[PDB]
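Structure file start_29.pdb (PDB, C-alpha atoms (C1' of nucleotides)) follows.
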```pdb
MODEL        1
ATOM      1  CA  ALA P   2     136.843  -5.182-126.138
ATOM      2  CA  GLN P   3     135.076  -7.997-127.994
ATOM      3  CA  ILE P   4     132.206  -9.542-126.069
ATOM      4  CA  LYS P   5     129.955 -12.537-126.615
ATOM      5  CA  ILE P   6     126.447 -12.550-125.268
ATOM      6  CA  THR P   7     124.690 -14.965-122.912
ATOM      7  CA  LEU P   8     121.334 -15.320-121.179
ATOM      8  CA  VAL P   9     119.933 -15.664-117.679
ATOM      9  CA  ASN P  10     116.154 -15.145-118.173
ATOM     10  CA  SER P  11     113.513 -16.131-120.695
ATOM     11  CA  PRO P  12     112.053 -13.110-122.523
ATOM     12  CA  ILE P  13     108.557 -14.014-121.301
ATOM     13  CA  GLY P  14     107.119 -11.542-118.820
ATOM     14  CA  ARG P  15     108.977  -8.324-119.645
ATOM     15  CA  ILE P  16     108.520  -5.169-121.728
ATOM     16  CA  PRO P  17     108.319  -5.400-125.540
ATOM     17  CA  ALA P  18     111.118  -2.841-125.259
ATOM     18  CA  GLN P  19     113.000  -5.886-124.005
ATOM     19  CA  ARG P  20     111.473  -8.381-126.470
ATOM     20  CA  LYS P  21     112.535  -6.520-129.595
ATOM     21  CA  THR P  22     115.933  -5.780-128.108
ATOM     22  CA  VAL P  23     116.640  -9.469-127.535
ATOM     23  CA  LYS P  24     115.250  -9.940-131.038
ATOM     24  CA  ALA P  25     117.671  -7.289-132.293
ATOM     25  CA  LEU P  26     120.574  -9.183-130.780
ATOM     26  CA  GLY P  27     119.004 -12.258-132.367
ATOM     27  CA  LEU P  28     119.594 -15.198-130.045
ATOM     28  CA  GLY P  29     116.425 -17.266-130.488
ATOM     29  CA  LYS P  30     116.795 -20.028-127.943
ATOM     30  CA  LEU P  31     118.775 -19.311-124.796
ATOM     31  CA  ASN P  32     122.551 -18.819-124.648
ATOM     32  CA  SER P  33     123.079 -19.201-128.369
ATOM     33  CA  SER P  34     126.102 -16.998-127.846
ATOM     34  CA  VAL P  35     126.095 -14.387-130.576
ATOM     35  CA  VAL P  36     129.842 -13.860-130.718
ATOM     36  CA  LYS P  37     129.658 -10.355-132.074
ATOM     37  CA  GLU P  38     130.206  -6.623-131.878
ATOM     38  CA  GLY P  39     131.818  -5.627-128.626
ATOM     39  CA  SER P  40     131.929  -2.057-129.948
ATOM     40  CA  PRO P  41     130.369   0.514-127.568
ATOM     41  CA  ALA P  42     126.938   2.227-127.575
ATOM     42  CA  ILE P  43     125.471  -1.033-128.582
ATOM     43  CA  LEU P  44     126.978  -1.743-125.246
ATOM     44  CA  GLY P  45     123.795   0.142-124.487
ATOM     45  CA  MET P  46     122.276  -3.210-125.384
ATOM     46  CA  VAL P  47     124.434  -4.964-122.812
ATOM     47  CA  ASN P  48     123.947  -2.256-120.204
ATOM     48  CA  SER P  49     120.407  -1.091-120.699
ATOM     49  CA  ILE P  50     119.806  -4.811-121.085
ATOM     50  CA  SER P  51     122.102  -5.692-118.214
ATOM     51  CA  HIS P  52     119.614  -7.698-116.118
ATOM     52  CA  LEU P  53     119.885 -10.463-118.663
ATOM     53  CA  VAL P  54     123.354 -11.179-120.088
ATOM     54  CA  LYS P  55     126.709 -12.032-118.585
ATOM     55  CA  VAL P  56     129.416  -9.884-120.128
ATOM     56  CA  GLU P  57     131.555 -12.581-121.704
ATOM     57  CA  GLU P  58     134.649 -11.160-123.384
ATOM     58  CA  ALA P  59     134.822 -13.121-126.620
TER
ATOM     59  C1'   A A   1     123.523   5.082-127.605
ATOM     60  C1'   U A   2     124.703  10.465-128.056
ATOM     61  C1'   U A   3     123.014  15.183-129.356
ATOM     62  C1'   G A   4     118.567  18.220-130.371
ATOM     63  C1'   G A   5     114.026  20.061-129.122
ATOM     64  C1'   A A   6     109.112  20.043-126.957
ATOM     65  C1'   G A   7     105.793  19.164-123.157
ATOM     66  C1'   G A   8     104.625  21.462-116.373
ATOM     67  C1'   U A   9     103.301  15.426-114.590
ATOM     68  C1'   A A  10     105.055  13.766-109.840
ATOM     69  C1'   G A  11     107.523  16.575-106.440
ATOM     70  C1'   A A  12     107.788  20.999-104.186
ATOM     71  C1'   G A  13     106.737  26.425-101.992
ATOM     72  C1'   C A  14     103.100  30.256-102.331
ATOM     73  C1'   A A  15     106.006  33.858-107.253
ATOM     74  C1'   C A  16     100.037  34.790-108.587
ATOM     75  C1'   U A  17      94.614  32.712-108.000
ATOM     76  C1'   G A  18      92.216  30.083-103.747
ATOM     77  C1'   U A  19      91.645  28.849 -98.518
ATOM     78  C1'   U A  20      93.831  29.651 -93.708
ATOM     79  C1'   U A  21      96.953  29.525 -88.346
ATOM     80  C1'   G A  22      99.034  32.639 -85.045
ATOM     81  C1'   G A  23     101.787  37.676 -83.870
ATOM     82  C1'   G A  24     102.043  42.956 -84.942
ATOM     83  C1'   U A  25      99.144  46.693 -87.169
ATOM     84  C1'   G A  26      94.535  50.201 -87.128
ATOM     85  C1'   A A  27      89.255  54.234 -88.726
ATOM     86  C1'   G A  28      85.175  52.119 -87.279
ATOM     87  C1'   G A  29      81.027  49.740 -85.816
ATOM     88  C1'   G A  30      78.276  48.131 -78.932
ATOM     89  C1'   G A  31      79.149  48.899 -72.679
ATOM     90  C1'   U A  32      81.382  54.886 -67.990
ATOM     91  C1'   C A  33      80.556  59.795 -68.171
ATOM     92  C1'   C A  34      80.087  65.821 -70.331
ATOM     93  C1'   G A  35      75.729  64.573 -73.698
ATOM     94  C1'   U A  36      71.642  65.300 -77.100
ATOM     95  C1'   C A  37      73.021  74.114 -80.566
ATOM     96  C1'   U A  38      75.909  69.136 -77.898
ATOM     97  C1'   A A  39      78.590  66.357 -82.031
ATOM     98  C1'   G A  40      80.606  63.410 -78.908
ATOM     99  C1'   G A  41      85.972  62.552 -75.942
ATOM    100  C1'   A A  42      85.065  57.439 -75.204
ATOM    101  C1'   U A  43      86.500  51.870 -71.989
ATOM    102  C1'   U A  44      88.950  47.302 -73.061
ATOM    103  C1'   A A  45      85.190  45.159 -76.529
ATOM    104  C1'   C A  46      84.754  40.943 -82.154
ATOM    105  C1'   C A  47      86.744  41.723 -86.791
ATOM    106  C1'   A A  48      91.397  44.851 -84.808
ATOM    107  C1'   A A  49      90.194  48.960 -92.944
ATOM    108  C1'   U A  50      94.920  47.178 -95.050
ATOM    109  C1'   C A  51      99.393  45.700 -94.843
ATOM    110  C1'   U A  52     103.820  43.147 -91.853
ATOM    111  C1'   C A  53     106.051  38.812 -89.791
ATOM    112  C1'   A A  54     106.463  33.750 -89.360
ATOM    113  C1'   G A  55     102.800  28.999 -90.310
ATOM    114  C1'   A A  56     100.452  26.443 -94.035
ATOM    115  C1'   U A  57      97.047  25.161 -97.748
ATOM    116  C1'   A A  58      95.083  22.926-103.717
ATOM    117  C1'   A A  59      92.480  18.784-109.574
ATOM    118  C1'   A A  60      90.422  22.883-112.031
ATOM    119  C1'   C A  61      97.628  27.767-107.799
ATOM    120  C1'   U A  62     102.290  27.532-110.609
ATOM    121  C1'   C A  63     107.808  31.931-109.816
ATOM    122  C1'   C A  64     110.036  26.699-110.685
ATOM    123  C1'   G A  65     111.022  22.108-112.109
ATOM    124  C1'   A A  66     112.247  16.748-112.933
ATOM    125  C1'   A A  67     113.512  11.772-113.460
ATOM    126  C1'   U A  68     110.602   8.969-117.197
ATOM    127  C1'   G A  69     108.564   8.874-122.020
ATOM    128  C1'   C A  70     107.592  11.252-127.201
ATOM    129  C1'   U A  71     109.907  13.389-131.545
ATOM    130  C1'   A A  72     114.267  15.127-134.907
ATOM    131  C1'   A A  73     119.191  14.121-136.663
ATOM    132  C1'   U A  74     123.404  11.098-136.130
ATOM    133  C1'   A A  75     125.847   6.657-134.669
ATOM    134  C1'   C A  76     125.909   1.450-134.244
ATOM    135  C1'   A A  77     123.031  -2.946-134.482
ATOM    136  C1'   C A  78     119.531  -5.477-137.169
ATOM    137  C1'   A A  79     115.777  -6.630-140.575
ATOM    138  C1'   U A  80     112.295  -4.686-142.162
TER
ENDMDL
END
```
Step by step, read the file and then write its structure as structure tokens.
Amino acid sequence: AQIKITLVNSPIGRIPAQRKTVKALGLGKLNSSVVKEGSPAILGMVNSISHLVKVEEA
RNA sequence: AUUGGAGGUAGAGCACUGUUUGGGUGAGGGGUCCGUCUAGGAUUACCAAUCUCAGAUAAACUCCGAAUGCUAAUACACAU
């Protein structure tokens, strides 16, 4: 499963344990779809951070 | 993200320290009279000496015991 990564919310107004995670995925402005790394357990990014990104199978 | 530990916090029940509701349990301590060789046997009365059974009760209760988080290694992702 190879998944690209989207956005639904600005990072303003959340935990820095969300800020640095979005930073770790490295998107910058919104919905710059980082077409990368659908390997699991950094699916913990897409699932711990699941309030934020549509799972888009790249 | 997984594994590894650690912490007793919240919660709870009471396992101890505290407080406490009943019910049972009882010397005794104050009410007949026999009665001050003579003490008493007493009547019931408040607690009934504990303990027993349910009922709780808490920051300085904890036989327990989280979820969270913190840390170690590993994994993957990055760039510090």
Select residues of chain A: the criterion is any atom within 10 Å of an atom of chain P, counting only C-alpha atoms (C1' of nucleotides); output as an MDAnalysis selection string.
chainID A and resid 1:2 75:79
May I have the residues from that selection written out with C-alpha atoms (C1' of nucleotides), as a PDB file, in the coordinates of the input?
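Result written to part.pdb:
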```
ATOM      1  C1'   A A   1     123.523   5.082-127.605  1.00  0.00           C
ATOM      2  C1'   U A   2     124.703  10.465-128.056  1.00  0.00           C
ATOM      3  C1'   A A  75     125.847   6.657-134.669  1.00  0.00           C
ATOM      4  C1'   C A  76     125.909   1.450-134.244  1.00  0.00           C
ATOM      5  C1'   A A  77     123.031  -2.946-134.482  1.00  0.00           C
ATOM      6  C1'   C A  78     119.531  -5.477-137.169  1.00  0.00           C
ATOM      7  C1'   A A  79     115.777  -6.630-140.575  1.00  0.00           C
TER       8        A A  79
END
```
Could you list, as a PyMOL selection string, every residue within 12 Å of residue 7 in chain A, counting all atoms listed in the file and ignoring same-chain residues fewer than 6 positions away?
chain A and resi 69-71
Just how far from CA of residue 21 in chain P is CA of residue 6 in chain P, in Å to one decimal?
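Computed distance, CA of residue 6 in chain P to CA of residue 21 in chain P, equals 15.8 Å.
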Using the chain letters and numbers from the file, which residues does the PyMOL selection byres ((chain A and resi 5) around 10) grab, as a PyMOL selection string?
chain A and resi 4+6+71-72
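A straight line drawn from CA of residue 37 in chain P to CA of residue 59 in chain P is 8.0 Å long.
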Where does the PyMOL selection byres ((chain A and resi 40-55) around 10) land in this file, that is, which residues does it pick, as a ChimeraX atom specification?
/A:20-36,38-39,56
Surrounding residues of residue 23 in chain P excluding itself and chain neighbours under 6 positions, 10 Å, only C-alpha atoms (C1' of nucleotides), as an NGL selection string:
:P and (8 or 12 or 17 or 29 or 46 or 50 or 53)
Apply the PyMOL selection byres ((chain P and resi 54-57) around 9) to the displayed file and report the matching residues as a list in words.
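Checked against the file, the PyMOL selection byres ((chain P and resi 54-57) around 9) matches residues 3, 4, 5, 6, 7, 8, 9, 10, 32, 47, 48, 50, 51, 52, 53, 58 and 59 of chain P.
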Emit as JSON the padded axis-aligned box for all listed atoms of range 41-47 of chain P, 4 Å per side, with centre and edge lengths in Å to one decimal.
```
{"center_x": 126.3, "center_y": -1.4, "center_z": -125.7, "size_x": 16.1, "size_y": 15.2, "size_z": 13.8}
```
Could you please determine the separation between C1' of residue 10 in chain A and CA of residue 16 in chain P in Å, to one decimal place?
22.6 Å
At a cut-off of 9 Å, using all atoms listed in the file, what residues contact range 14-17 of chain A? Leave out same-chain residues fewer than 4 positions from it and give the result as a VMD selection string.
chain A and resid 61 to 64
